[PDB]
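K.L.:
Before we start, here is the structure in question, set down as structure tokens.
Protein chains in written order, with the authors' numbering: chain H, 486 to 533; chain G, 438 to 485.
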């Protein structure tokens, strides 16, 4: 549900498209609002 | 910002003039069945 693996085509943000798209959970919050320097790739943030 | 903007119109111009643009690194080509069927725990061909 969580709690499973399948290397190559792992889910990190991918969500169900169901029978019709534009479906999403109400839990759009998983974080706190915080800001920092500009980063436009994941690897750029990893350098700092 | 303009150099990055000239980049958006560089790629969509160059690739039509030069043609090509099926490029990456190492293996992605040749031997048996087409496209990226793997997916975990398979090594050495039968999609290939």
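C-beta atoms are modelled at their ideal positions from N, C-alpha and C, and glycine is treated no differently.
1. Taking Cβ-Cβ distances below 7 Å as the criterion, which residues of the segment 491-503 of chain H are in contact with chain G?
2. Taking C-beta pairs closer than 9 Å, name the residues in chain H that residue 439 of chain G reaches, listed in chain order.
3. So the candidates are G/485, G/477 and G/483; which of them puts its Cα closest to the Cα of residue 490 of chain H?
4. By how many angstroms is the C-alpha of residue 522 of chain H removed from the C-alpha of residue 443 of chain G?
5. Which stretch, first to last residue, makes up the alpha helix (DSSP H) that contains residue 445 of chain G?
6. Give a yes or no on whether the minimum CB-CB distance between residue 477 of chain G and chain H is below 7 Å.
P.N.:
Per the coordinate set shown:
1. For the segment 491-503 of chain H, the residues whose beta carbon sits under 7 Å from a beta carbon of chain G are, in order, 491, 492, 493 and 494.
2. Listed along chain H, no residue sits closer than 9 Å to residue 439 of chain G by beta-carbon distance, the nearest being about 16 Å off.
3. Per the Cα distances, G/477.
4. Distance between the alpha carbons of residue 443 of chain G and residue 522 of chain H is about 25 Å.
5. Residues 439-454.
6. At least one C-beta of chain H is nearer than 7 Å to the C-beta of residue 477 of chain G.
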